[PDB]
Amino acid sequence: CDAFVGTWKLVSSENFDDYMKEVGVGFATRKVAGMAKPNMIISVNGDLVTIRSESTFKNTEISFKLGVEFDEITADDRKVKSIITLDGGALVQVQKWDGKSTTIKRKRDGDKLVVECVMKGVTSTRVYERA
């Protein structure tokens, strides 16, 4: 995942609040999340990939091996089971919790890193550029 390594800054967001609505995130949390312009930091050490999201009010970090299911506490505090695989040059993440699931794809588009989140038909697209 060499094409993903680096620090990325959010440049645009589309339908993110609707996605969080669908995920079940509370109003207050949605408002904070929407004000935040996080920096995504991706690094690789051996077979362990680390994705870190930093924002003034909440930093999240997940370290994982591609293909191995792991426990993740999301920014909105959901305890989920996540699995991330490398498919077609994109990092495809599936989070499962309480019989529900959502997919988060991180892919390269030109010189940008695009993150697409899908929850029951609702799709959010967030574009990042290198910091």
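What we label the rigid core is the largest C-alpha set whose atoms superpose within 1.5 Å from one form to the other. From 1 onward, residues are counted along the sequence shown.
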item: RMS Cα shift after core superposition in 9 other deposited structures of this protein, winner of 41-49 and 56-64; value: 56-64
item: Outlying stretch relative to shown form, 98-106 versus 26-34 in 9 other deposited structures of this protein, C-alpha RMS (core); value: 26-34
item: Stretch exceeding the other in mean C-alpha B-factor - 39-47, 63-71; value: 39-47
item: Stretch with the higher entry mean CA B-factor, where the candidates are 107-115 and 21-29; value: 21-29
item: Assigned third (lowest, middle, highest) for the C-alpha B factor of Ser82; value: lowest
item: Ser53 - which third its CA temperature factor falls in, relative to the rest of the chain; value: middle
